[PDB]
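Colleague: Handing you this structure, nothing more for now.
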Amino acid sequence: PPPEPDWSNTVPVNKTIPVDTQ
Amino acid sequence: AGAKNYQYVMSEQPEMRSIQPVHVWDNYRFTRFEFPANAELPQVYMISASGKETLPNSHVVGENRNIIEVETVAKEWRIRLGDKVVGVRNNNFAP
């Protein structure tokens, strides 16, 4: 079925964040 | 090596979760897209200054080549593959 981004809940693409803890 | 800014937002749909990009981060030079290792790597488009979708030169990196480094930075990214699509938007724009 046709996908199409409805941005229903609009979920970011950054959750882990690459910083590397030291 | 410095302080980068990766602010992205993708449509939350459980139907297009298959090609849903894990995480995304850009840089003053190039931008990289992290995708699942069990999933396939789709094609990421970009909204030109015209108004239509254009497919920029993409690259592959990572320990499993599950990454897609695009040679350009925009505010709107359209990930399409097969019969599914995932709308992504960058809310920050560093360059």
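Identifiers in this document derive from the order of the structure tokens: chains are assigned A, B, ..., residues are numbered from 1 separately in each chain, and ligands are numbered from 1 in order of occurrence.
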Residues of chain A within 6 Å of chain B, counting only C-alpha atoms, what are they? List them as a list in words.
Modeller: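 Matching residues, ligands excluded from the count: residues 3, 4, 5, 6, 7, 8, 9, 10, 11, 12, 13 and 14 of chain A.
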Colleague: Would you mind exporting the chosen residues as a short mmCIF file (atom, residue, chain, number, x, y, z; two decimals), in the first residue's frame, restricted to N, CA and C atoms?
Modeller:
data_model
loop_
_atom_site.label_atom_id
_atom_site.label_comp_id
_atom_site.auth_asym_id
_atom_site.auth_seq_id
_atom_site.Cartn_x
_atom_site.Cartn_y
_atom_site.Cartn_z
N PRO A 3 2.89 4.19 0.98
CA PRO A 3 3.48 4.60 2.26
C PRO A 3 3.17 6.06 2.59
N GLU A 4 3.92 6.97 1.98
CA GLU A 4 3.74 8.40 2.20
C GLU A 4 4.01 8.76 3.66
N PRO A 5 4.93 9.70 3.92
CA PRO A 5 5.27 10.11 5.28
C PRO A 5 4.22 11.07 5.84
N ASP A 6 3.39 10.56 6.74
CA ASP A 6 2.33 11.35 7.34
C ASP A 6 2.84 12.15 8.54
N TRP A 7 4.09 11.89 8.94
CA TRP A 7 4.67 12.58 10.09
C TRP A 7 3.75 12.45 11.30
N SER A 8 3.00 11.36 11.32
CA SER A 8 2.06 11.07 12.40
C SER A 8 2.55 11.58 13.75
N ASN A 9 3.63 10.98 14.25
CA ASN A 9 4.18 11.38 15.54
C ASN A 9 5.54 12.05 15.40
N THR A 10 6.00 12.15 14.16
CA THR A 10 7.30 12.76 13.87
C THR A 10 8.35 12.36 14.90
N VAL A 11 9.04 11.25 14.64
CA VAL A 11 10.06 10.75 15.55
C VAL A 11 11.45 11.07 15.02
N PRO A 12 12.25 11.82 15.80
CA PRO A 12 13.61 12.20 15.42
C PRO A 12 14.46 11.02 14.98
N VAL A 13 15.62 11.34 14.42
CA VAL A 13 16.54 10.32 13.94
C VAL A 13 17.81 10.32 14.78
N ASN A 14 17.77 11.05 15.89
CA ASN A 14 18.91 11.13 16.80
C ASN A 14 18.50 10.80 18.23
#
Colleague: Once DSSP has gone over the backbone, tell me which residues of segment 11-66 of chain B are in strand (DSSP E or B), as a list in words.
Modeller: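 Those residues are residues 23, 24, 25, 26, 31, 32, 33, 34, 43, 44, 45, 46, 47, 53, 54, 58, 59, 60 and 61 of chain B.
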Colleague: Please produce an output containing C-alpha atoms for each residue in the selection, written as a PDB file, in the first residue's frame.
Modeller:
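And here is the file that came out, again_1.pdb:
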ATOM      1  CA  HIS B  23      20.086   7.417  13.029  1.00  0.00           C
ATOM      2  CA  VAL B  24      21.375  10.303  10.906  1.00  0.00           C
ATOM      3  CA  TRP B  25      24.131  12.883  11.375  1.00  0.00           C
ATOM      4  CA  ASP B  26      25.641  15.479   9.034  1.00  0.00           C
ATOM      5  CA  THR B  31      26.486  13.684   5.613  1.00  0.00           C
ATOM      6  CA  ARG B  32      26.140  10.084   6.793  1.00  0.00           C
ATOM      7  CA  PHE B  33      23.055   7.905   7.245  1.00  0.00           C
ATOM      8  CA  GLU B  34      23.002   4.874   9.551  1.00  0.00           C
ATOM      9  CA  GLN B  43      18.068   5.623  -1.860  1.00  0.00           C
ATOM     10  CA  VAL B  44      17.992   9.042  -0.197  1.00  0.00           C
ATOM     11  CA  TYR B  45      16.749  11.935  -2.336  1.00  0.00           C
ATOM     12  CA  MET B  46      16.962  15.678  -1.748  1.00  0.00           C
ATOM     13  CA  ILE B  47      14.632  18.584  -2.485  1.00  0.00           C
ATOM     14  CA  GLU B  53      13.200  15.327  -5.804  1.00  0.00           C
ATOM     15  CA  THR B  54      16.781  14.702  -6.906  1.00  0.00           C
ATOM     16  CA  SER B  58      25.538   8.541  -2.286  1.00  0.00           C
ATOM     17  CA  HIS B  59      28.340   6.471  -0.756  1.00  0.00           C
ATOM     18  CA  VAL B  60      28.650   3.336   1.381  1.00  0.00           C
ATOM     19  CA  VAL B  61      30.663   2.985   4.594  1.00  0.00           C
TER      20      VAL B  61
END
Colleague: Just the number, please: distance in Å from atom CA of residue 42 of chain B to atom CA of residue 28 of chain B, one decimal.
Modeller: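 Here the two named atoms are 23.3 Å from each other.
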